[PDB]
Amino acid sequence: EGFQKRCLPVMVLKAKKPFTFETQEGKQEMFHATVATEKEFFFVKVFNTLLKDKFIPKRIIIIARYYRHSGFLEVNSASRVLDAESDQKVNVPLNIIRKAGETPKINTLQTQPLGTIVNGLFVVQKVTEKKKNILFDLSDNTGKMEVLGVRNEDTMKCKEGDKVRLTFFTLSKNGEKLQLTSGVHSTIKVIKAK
């Protein structure tokens, strides 16, 4: 249990819109964000839709009592989050900021540990429907890989030439033709072409 009671200031790099995922307790609320310190950056799972007051790009927030998982962190109810005074510093150098927002290169993924959380905007080469799933074959200059997503309304419109924005996928394969899969909290958005 990696719970961190200690506080921490963070410069919120990005916070996406809240979305619903059906799990157990019923419709769940959450969104995805990315934050930074002077040293490193992490991807966040924020389970309070109403915390969007706090997470705003370029905004600094002092976050207390957070869970800190494998490849990302977790801000939940048992936690607490507050604003910071003009007093707080926490300078994020460009390369951390820059690297925070980039879409990983496929070839870079073959070298990454599995469990690595992968977000990014990708180009769809082929797509093959399954019963409950969809196989998107995405490839950029560095090479190709494959991800298994969820079969539904908008991911149904996806075709060669479209792009997909993947969020909170996991690396389930590396090396030649690496693979990501869809998790509970993964979200994907289909960007039609031209």
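When you see a residue number, it is the position in the sequence shown, counting from 1.
- Taking the PDB entry as given, 149-157 carries the higher mean Cα B factor of the two stretches 149-157 and 30-38.
- Stretches compared: 112-120, 83-91. Higher mean C-alpha B-factor in the entry: 83-91.
- Per the PDB entry, 131 shows the highest C-alpha temperature factor of the residues 52, 131, 45, 163.
- Among the modelled residues of its chain, residue 78 has a C-alpha B-factor that falls in the highest third according to the deposited record.
- Among all modelled residues in this chain, the alpha-carbon of residue 177 has a temperature factor (C-alpha) in the highest third.
- Per the PDB record, residue ranking by Cα B-factor puts residue 136 in the middle third of the chain.
- Split the chain's modelled residues into thirds by C-alpha temperature factor. Residue 24 is in the highest one.
- For residue 67, the recorded CA B-factor ranks within the middle third of the chain. Only modelled residues enter the ranking.
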